[PDB]
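Given as structure tokens, the chain that follows is alone and in the form solved without ligand GMP.
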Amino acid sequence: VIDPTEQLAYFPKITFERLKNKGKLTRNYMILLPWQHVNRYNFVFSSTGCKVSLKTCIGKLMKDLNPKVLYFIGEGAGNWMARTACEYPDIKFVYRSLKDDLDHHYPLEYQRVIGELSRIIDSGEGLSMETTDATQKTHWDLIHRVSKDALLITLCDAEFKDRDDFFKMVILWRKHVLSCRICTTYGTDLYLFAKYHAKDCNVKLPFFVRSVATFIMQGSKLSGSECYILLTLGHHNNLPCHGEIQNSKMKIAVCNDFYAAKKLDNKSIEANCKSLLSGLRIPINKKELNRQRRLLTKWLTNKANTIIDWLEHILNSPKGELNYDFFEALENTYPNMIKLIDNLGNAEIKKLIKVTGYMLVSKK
């Protein structure tokens, strides 16, 4: 009872830089908050699709290869997969994610965005911990238990402990696509679009693994050196160097603004509000914040005051454009910044930025 293409208007436009396979650009933004969640207010459990998209980044490859099935590894609640389902309404999916008590091993976001799970032909159900671990041979051995389609495009958004774990996955992918009866029959025109953290320089990829392009996303945490690398089979080359990623990341932060989503998913905004502060309603106005202050009259009451104080600061703050120059102003105009980051945890602060972004967009 849901049209996927209609749901796509809840996802924001993606700004990125492609580096196909020199002075330094530096700007020290005094920011302590995860501002990359500013345009992600319409999403609850996972929001990767606000940062990366197959139609925007690898649109041509999607058209040229025309895959019937897509293979997703490492997705939490499957928000990237959810965006893909909206962009490509006839594509079926194979989902894998580590069976942990830590992050989601089920696509909650996909179930929320897309109506049902009928297009997820393999959800990884019944599998053990090692058969869901991309750094283990058995995961790759059982990837074809339902889908008999070759791994034309494999999407990996897994967070690895170290680069050696990343190499374990990349080597296992190569070993699969060069052994597997299904995949070998298709050929060597097979791809792996994986998340990577460019820490070093001149780091060779495994034998017969070649990087086609590097993608630097506006939606990646400003502090790190995260990027998305498009790999294929062929004479090996180097992984992206930390220096290249920095200049690219900087230009996007200094030049570009975050696009807001064309439509506001009021159900999710209400959900993110109640998740941040129980009983918080929309519109978030002076009357709403004074009501929340009144309800308080402990550790939980301390966190609630911290939240209201920030929302009150955003409320009183002038309207600006969604960019890091304005975000730095927002932070360095608030007297209790250090008290905020100390009292609220990482998840609470990401929820706070989602709510903040909704408010900033709602202005004027």
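Numbering starts at 1 and runs along the sequence shown.
There is another form of this protein, the form solved in complex with ligand GMP, and it is not shown here; the text below is about that form.
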Here the chain appears without its partner; judged in the bound PDB entry, the stretch of 314 to 322, 34 to 42, 298 to 306, 59 to 67 with heavy atoms within 4.5 Å of ligand GMP is 34 to 42
| request: Indicate whether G219 is a 4.5 Å heavy atom neighbour of ligand GMP in the bound PDB entry. | output: yes
Checked 39 to 58 against ligand GMP in the bound PDB entry; residues with a heavy atom within 4.5 Å, sequence order, are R40, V44, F45, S46, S47, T48, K51
